[PDB]
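Residue numbers (the entry's author numbering): 482 to 529.
Below you'll find the structure, written out as C-alpha cells, and then a few comments.
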RNA sequence: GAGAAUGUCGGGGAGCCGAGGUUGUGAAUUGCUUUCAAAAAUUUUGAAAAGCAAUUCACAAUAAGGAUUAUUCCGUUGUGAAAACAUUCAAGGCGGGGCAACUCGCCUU
C-alpha cells in the first residue's frame, strides 16, 4: 500500500465469485473425500 | 447521453400467518326500571315476568352477497359503455427436488 493504488475505492471490497468460494469451503469441511470432487458441473448442481 | 458491474437511501405491489375489538346465541352471578302478585305500615318486604346491563366462559357473523368441494376462491384498484376488460394465460423435449402431490431450471418453435 505504501507505494500504489488500484483505481478503485481504496477501502471498498468487491465480489469475487463468492458462490464457489462458499461451496468450496463447506465441501472442504466435509473431509473424507478427494480434493477434486468440486467440478463445474457439481458446483452448478449444488447451486441449483 | 446510453449501457454493465458494485454499494447506500427510499418508494410500489403481492403473499403466508397472528391477537383483539364489535354485534348476536346460551349459560353462572349481581344489579336498575316497570308490571303483576302477595304480606306488612301513600310507604316497606317477598315470588314471577319483560326491558336494560354488568363480570366471566363456549359459540356464530365480521364488508351485503356470489361460487366450489380444490386442503380453490371472487367481492373497497385502474380504464370506460362493449357492464367489456387489465391485474392468472401456448406448445413440446431434457433435467434438479423431494413420501409423492407439487416446486426450480435448461433447449426449439
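Each residue gets a CB set at the ideal place from its N, CA and C atoms; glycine is no exception.
- When the Cα atoms are used, residue 527 and residue 501 turn out to be separated by approximately 10 Å.
- In its own chain, leaving out the 5 sequence neighbours on each side, no residue places its CB closer than 8 Å to the CB of residue 520.
- Counting along the chain, residue 510 sits inside the alpha helix (DSSP H) bounded by residues 499-510.
- Within the same chain, 519 come within 8 Å of residue 505 by CB-CB distance, once the 5 residues on both sides are set aside.
- Following the DSSP letters along the chain, one finds residue 482 in no alpha helix (DSSP H), marked with neither H nor E.
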